[PDB]
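Same protein, same chain, two forms; see structure 1 and structure 2 below, as structure tokens.
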Structure 1
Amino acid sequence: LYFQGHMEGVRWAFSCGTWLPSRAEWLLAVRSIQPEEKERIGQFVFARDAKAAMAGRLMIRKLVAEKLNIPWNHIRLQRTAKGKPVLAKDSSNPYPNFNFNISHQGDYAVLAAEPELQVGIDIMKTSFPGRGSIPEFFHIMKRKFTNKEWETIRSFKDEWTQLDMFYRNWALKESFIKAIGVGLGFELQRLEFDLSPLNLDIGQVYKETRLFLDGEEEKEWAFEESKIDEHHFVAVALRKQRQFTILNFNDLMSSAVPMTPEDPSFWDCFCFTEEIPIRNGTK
């Protein structure tokens, strides 16, 4: 009809864990986001958490700028009372059902967006418990997975593969929870995932896992599963192609423009994990 591209699904990842901006680059990223968002970033204690939060902010603005063609300096993002980032309804937007979601853990921040399908995303890093054993960890987490889920988790011989499968199952549940907006009080026991296939190759995307909610198959929901590296798993939930693209900082800054003057108090104000011994959690 018009001489115009059409938005498709977006699947982006950014390794904030390996991102080492110069001072100028960090302070420019800080200028390029909304003031109240910069304020949130300033609240973080550790550099790695600020970096991850920043990444998510830049990916969203990049998404909106480049896929909805809203000038960067005109993008108006907001948060639900529950805290979820959303695009202002006052549009410049031909996609009513446009939506996005973001997540971060370990070394990665990730974004999923869709023109029409409702979307949720969660990423998790497999790592050995900060305190206690793996069986002790499964016991703490026991109430959140069903009998069939646990049998599948424990079906493997080594506890690492079990821990890996556990994190996968947990990322699936969070992807759904984040898609529907229910948050913290939602009983995970109500979600039962049938994980297929049992083993995932790094980089590839799988779409065979099914969800049963309150004992009935949710046929209107699909789930895309990707191991982005050997230790990070991403689940994207979708209600009615898909490989993640890893971006760098230049990519995040492609449509960026400063919105606030440079603020040097956003330098030297964060802790770094190199100055502490990593213990009991990851801190």
Structure 2
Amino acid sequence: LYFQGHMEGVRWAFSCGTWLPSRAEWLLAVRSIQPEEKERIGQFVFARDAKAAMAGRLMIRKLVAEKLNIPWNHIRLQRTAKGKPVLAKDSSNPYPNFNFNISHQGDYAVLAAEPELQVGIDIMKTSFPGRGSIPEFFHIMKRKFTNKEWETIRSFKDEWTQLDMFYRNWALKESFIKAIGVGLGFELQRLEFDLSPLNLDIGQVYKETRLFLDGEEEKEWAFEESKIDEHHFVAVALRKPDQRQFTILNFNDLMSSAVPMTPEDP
């Protein structure tokens, strides 16, 4: 393959929670994604969810279009049995290990992609829980973190910090879950993270948090933790198939390589 070109990991964020597309721009977006994905996005009752899903899809296609140089119209995205987006086996892809993943919680849709490292991502906004109080919420969530994890979570007198740590510990678990592609069906209590360092500054990728699966350290797993802003935590779980801050994209970035896929339809 003459036009080789060494590929590097991608870390993109898009603030969909403050993206306010016009009828025209949405329709642009909607036509730029795959038919099945259109219909789905169009089933979401709320802008919040539809925009996230949409930002997610536009970002994957951008990533493949740009990094794999497949013309957007010919990007064949699919999904594993358990719902993970994957690129079709038929290549335009001499990166057999090239994989990616998105998350969309809070105001952002984030995406990681790597050429070799198999990867999972999860973003989480520290927001007051939708039902009940924090303590109540944490109660509802007991069965999902280890005692040591909870001691760390309640180790802070401020319930916002507590929530911060909870969402962090959660995101770390999802990144891994999404990395391995398994779904909700994975007893999250099997996973214990040693959250390190406790206090994370914005504008920095922390690689120090190590994981224990079933009490044995999962030494084959790196975790990249950042706060893309003061309120969103992002975990990127990286396994070997055996520095880079997130880049805030805007709409035109998302569409830069877009070609319309589905026809005109009122």
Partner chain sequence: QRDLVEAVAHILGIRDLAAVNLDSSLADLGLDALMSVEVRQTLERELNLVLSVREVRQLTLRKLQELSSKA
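For the two forms, the rigid core is made up of the largest set of C-alpha atoms that agree within 1.5 Å on superposition. Residue numbering: structure 1 sequence, from 1.
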Point to revise | Which of the two shown structures is the form solved in complex with the partner chain | key: 2
Study note, to complete from the structure: Superposed on the core, the Cα displacement of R154 between structure 1 and structure 2 in Å comes to 1.1
Study note, to complete from the structure: The CA shift of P129 between structure 1 and structure 2, rigid core aligned, in angstrom, is 2.1
Exercise for review: Please state the CA displacement of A179 between structure 1 and structure 2 in angstrom, with both forms fitted on the core.
Suggested key: 0.5
